[PDB]
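A.B. asks: Build the 3D model from these lines:
(6 chains, ligands or ions: 6)
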Amino acid sequence: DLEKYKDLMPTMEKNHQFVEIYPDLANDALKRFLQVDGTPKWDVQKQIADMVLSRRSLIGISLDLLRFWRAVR
Amino acid sequence: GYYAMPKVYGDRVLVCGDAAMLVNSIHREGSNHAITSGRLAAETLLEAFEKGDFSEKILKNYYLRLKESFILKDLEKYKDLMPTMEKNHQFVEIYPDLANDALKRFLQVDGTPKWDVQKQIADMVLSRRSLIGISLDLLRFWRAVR
Amino acid sequence: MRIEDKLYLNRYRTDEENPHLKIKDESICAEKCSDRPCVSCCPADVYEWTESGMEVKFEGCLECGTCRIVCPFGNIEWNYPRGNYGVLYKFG
Amino acid sequence: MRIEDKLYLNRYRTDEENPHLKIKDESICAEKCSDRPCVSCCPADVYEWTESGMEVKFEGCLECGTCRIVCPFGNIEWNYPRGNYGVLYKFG
Amino acid sequence: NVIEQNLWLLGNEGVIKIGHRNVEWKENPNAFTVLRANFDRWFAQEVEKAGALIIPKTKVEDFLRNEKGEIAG
Amino acid sequence: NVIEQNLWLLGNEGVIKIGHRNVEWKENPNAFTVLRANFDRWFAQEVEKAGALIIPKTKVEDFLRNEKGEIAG
Ligand SMILES: Cc1cc2nc3c(=O)[nH]c(=O)nc-3n(C[C@H](O)[C@H](O)[C@H](O)COP(=O)(O)OP(=O)(O)OC[C@H]3O[C@@H](n4cnc5c(N)ncnc54)[C@H](O)[C@@H]3O)c2cc1C
Ligand SMILES: CC(C)=CCC/C(C)=C\CC/C(C)=C/CC/C(C)=C/CC/C(C)=C/CC/C(C)=C/CC/C(C)=C\CC1=C(C)C(=O)c2ccccc2C1=O
Ligand code: SF4
Ligand code: SF4
Ligand code: SF4
Ligand code: SF4
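C.D. replies: Residues are numbered from 1 along each chain as shown, chains lettered A, B, ... in the order given. Ligands and ions are numbered 1, 2, ... in the order given. See below for the structure:
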């Protein structure tokens, strides 16, 4: 278990994103998904995309899912 | 929904709510669609009462308001949603019971060295359905969610 | 027996002289139908296929409308009960 | 004031004649240190940098060990208190 | 007043709860749970106060038509 | 006895609860919450009943060494 999460906290130190934007963005996305305000569900599927691709680019999201994949091994 | 709704208008007649099959059942917005459809029909008839015409020339504005609002756009989105769910029978047959045994194995502590729980989860997920079935089903549903 | 324990919880004003569930042709239910989906998909156990015909206990009908739709041959003359009759859902 | 409200909740047997937190060189804390990480990372507000020197209120020490480690110059003679002294965590 | 919306994946013995509780739904509500005999009886009272004559205990069987062949009642 | 293990993603006002409650942990437990002054005082009593002499109130300062230079106490 120590060899597995060996380079785990040095991975977490070189982002400062998974606890800085990533929870607060997953909360505003799931709030917009459940909020009913007469918005026709394509304009909430793109407002979530305008939420996730505004605080971090898509070259940062798809990188960070497998950059942590090296930390989880 | 979209493939099965009637003509929602006619000569001196409008159709609202579930009678026009306006239900987003996957988001559970049927009363959301019903209370709006009453507002769109009543604003259509209030146009029809100042003009005095109630035929399909003035009452077609209800069908125009029904697709300029969220009601028919939510129906076009999940149009081929339940025919997608009918042609798998996997997302409620193996997929919940497999995500429960995987997350139970992830949290169970029994002296197994965390690589042999990361592969027992892989031996759990790639035993009830192949990887050509998992990676297919994530985007086969992607066509249902649009 | 089992679901009429739970149908006792509902409130009804039964219209016994006006059955709103009539079967148009009893012979379709005997030889033309194989599985009887009106029996196996009725949430209130209204339909029961005896050998004497189809027993339609319309007094427990929850007015859902499944029987009319699930019947492949269309031989269920399905109406709502009259006004102030049928199920009367309290806190529905 | 603020955290000594919460340090009052803990149980201590204080060893006042034996301070287990000694600073090896007070001059390193005056000119060599810039940010004083012993003050800003002590969970019990033990260290306070006055202009009279460093006030080490060792009586509230929670014996974590952060001060010894966060100090870049190593000039904290850090010991545990003696046996039966220091924090005595009830339902720790 | 609905402040938390959960999705539960029931297993043989477990459950995967995926909820989302939001506390701005406590003062700006998104949704309420209702019982429709209690809601539509109150909603009928507001429609009655608005000036509409609500006629219960009455089932519509067909439409009375004029000689133009359209729905006249 | 821990039967549910949640992970919460706190937002500005919301939370994404991702739990997992299992009911076979009620009869075959996986984990208990403890308070370590209550656990290690009980665990000391079982070690004392096993035959070990637990000596509290005693801090080890160094090791007494033999003339071979190894730890002899
Ligand atoms: C189990 C269940 C759960 C649901 N949960 C949700 C949810 O969480 N959120 C949501 O948004 N939607 C939900 N819905 C959907 C919602 O109930 C409907 O989509 C919507 O409320 C129907 O509105 P309506 O105006 O058509 O009224 P309905 O209740 O469908 O019917 C309108 C009225 O017409 C009357 N009527 C019918 N025929 C006649 C006649 N011939 N003469 C006179 N009166 C007649 C009936 O008495 C009825 O009261 C749910 C539906 C079900 C079945
Ligand atoms: C760090 C971060 C990535 C952690 C991941 C946590 C994750 C589980 C949620 C937040 C991540 C965000 C950014 C993903 C974007 C898209 C989201 C909103 C997809 C929605 C699907 C699920 C996961 C929603 C969460 C569970 C819960 C809140 C649902 C409420 C219950 C009702 C109202 C919804 C019903 C409902 C169900 C059950 C569906 O399966 C479904 C599938 C596809 C489209 C829509 C739906 C749907 O509306
Ligand atoms: S479904 Fe139609 S045919 Fe089959 S039994 Fe019920 S009524 Fe008779
Ligand atoms: S209406 Fe619903 S309940 Fe009454 S009979 Fe048809 S199915 Fe059974
Ligand atoms: S950290 Fe070391 S140097 Fe900086 S103040 Fe505390 S003791 Fe003096
Ligand atoms: S031990 Fe923990 S508490 Fe005591 S001084 Fe060093 S840091 Fe502050």
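
A.B. asks: from here on, contacts and neighbour counts on C-alpha atoms
C.D. replies: Fine.

A.B. asks: so does the strand or helix carrying residue E:47 get close to ligand 1?
C.D. replies: Assigned by DSSP states H and E, residue E:47 belongs to helix E:36-50. No. On the criterion C-alpha under 6 Å from any ligand atom, helix E:36-50 is out of touch with ligand 1, staying 8.3 Å away.

A.B. asks: Contacts made by that helix with the rest, please.
C.D. replies: Helix E:36-50 is contacted by residues C:89-92, E:54 when judged by C-alpha atoms under 8 Å, 6 or more residues apart in numbering or on different chains.

A.B. asks: how far out from the middle of the chain is that helix?
C.D. replies: Its chain's average C-alpha position is 11 Å from that of helix E:36-50, according to C-alpha atoms, centre = their mean, to the nearest Å.

A.B. asks: what secondary structure does residue E:73 sit in?
C.D. replies: Three-state assignment for residue E:73 (DSSP: H, G, I helix; E, B strand; the rest coil): coil.

A.B. asks: That one touches residue E:63, doesn't it?
C.D. replies: Yes. At 5.6 Å, residue E:73 and residue E:63 qualify as touching, with contact defined as C-alpha atoms under 8 Å.

A.B. asks: how many other residues sit next to the closest residue to residue E:6 other than its chain neighbours?
C.D. replies: Leaving aside its sequence neighbours, residue E:6 sits nearest to residue E:19 (C-alpha to C-alpha, 6 or more residues apart in numbering or on different chains; 3.8 Å). Neighbour count for residue E:19, taken as other C-alpha atoms under 10 Å in any protein chain shown: 18.

A.B. asks: residue ranges for the helices of chain A, please.
C.D. replies: Ranges of helices in chain A, per DSSP state H, are A:9-13, A:22-34, A:45-55, A:58-67, A:69-72.

A.B. asks: TSV please, covering those helices and showing mean neighbour count and distance to chain D.
C.D. replies: Formatted as TSV, the helices of chain A follow (neighbours: other C-alpha atoms under 10 Å in any protein chain shown; distance: least, C-alpha to the nearest C-alpha, whole Å):
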stretch	mean neighbour count	distance to chain D
helix A:9-13	12	17
helix A:22-34	19	25
helix A:45-55	15	30
helix A:58-67	12	29
helix A:69-72	14	25
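
A.B. asks: Which part of chain A gets nearest to ligand 3, residue-wise?
C.D. replies: Per C-alpha to the nearest ligand atom, the residue of chain A with the smallest distance to ligand 3 is residue A:41, at 38.3 Å.

A.B. asks: Could you check how far that residue is from residue B:21?
C.D. replies: 17 Å (C-alpha to C-alpha, to the nearest Å).

A.B. asks: gap between the closest residue to residue A:21 other than its chain neighbours and residue A:48?
C.D. replies: Excluding its sequence neighbours, the residue lying closest to residue A:21 (C-alpha to C-alpha, 6+ apart) is residue A:55, at 7.1 Å. Separation of residue A:55 from residue A:48 (C-alpha to C-alpha): 11 Å.

A.B. asks: if we can go back for a sec, what number of residues lie near the residue of chain A closest to ligand 3?
C.D. replies: Neighbours around residue A:41, by other C-alpha under 10 Å: 20.

A.B. asks: Residue of chain C nearest chain A, please.
C.D. replies: Using C-alpha to the nearest C-alpha, the single residue of chain C nearest to chain A is residue C:92, 23.0 Å away.

A.B. asks: Would you enumerate the residues in contact with that residue?
C.D. replies: For residue C:92, the contact set (C-alpha under 8 Å, 6+ apart) comprises E:35-38.

A.B. asks: hang on, it in a helix?
C.D. replies: No. Secondary structure of residue C:92 (three-state DSSP): coil, not part of a helix.

A.B. asks: Could you tell me how far it is located from residue E:57?
C.D. replies: 17 Å.

A.B. asks: Over to residue C:67?
C.D. replies: From residue C:67 across to residue E:57, the span is 24 Å (C-alpha to C-alpha).

A.B. asks: now the helices for chain C?
C.D. replies: The residue ranges that make up the helices of chain C, judged by DSSP H, are C:3-7, C:37-40, C:66-70.

A.B. asks: Make CSV from these and add distance to residue F:4 to it.
C.D. replies: As requested, those are exported to CSV (distance: least, C-alpha to C-alpha, whole Å):
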stretch, distance to residue F:4
helix C:3-7, 33
helix C:37-40, 38
helix C:66-70, 39
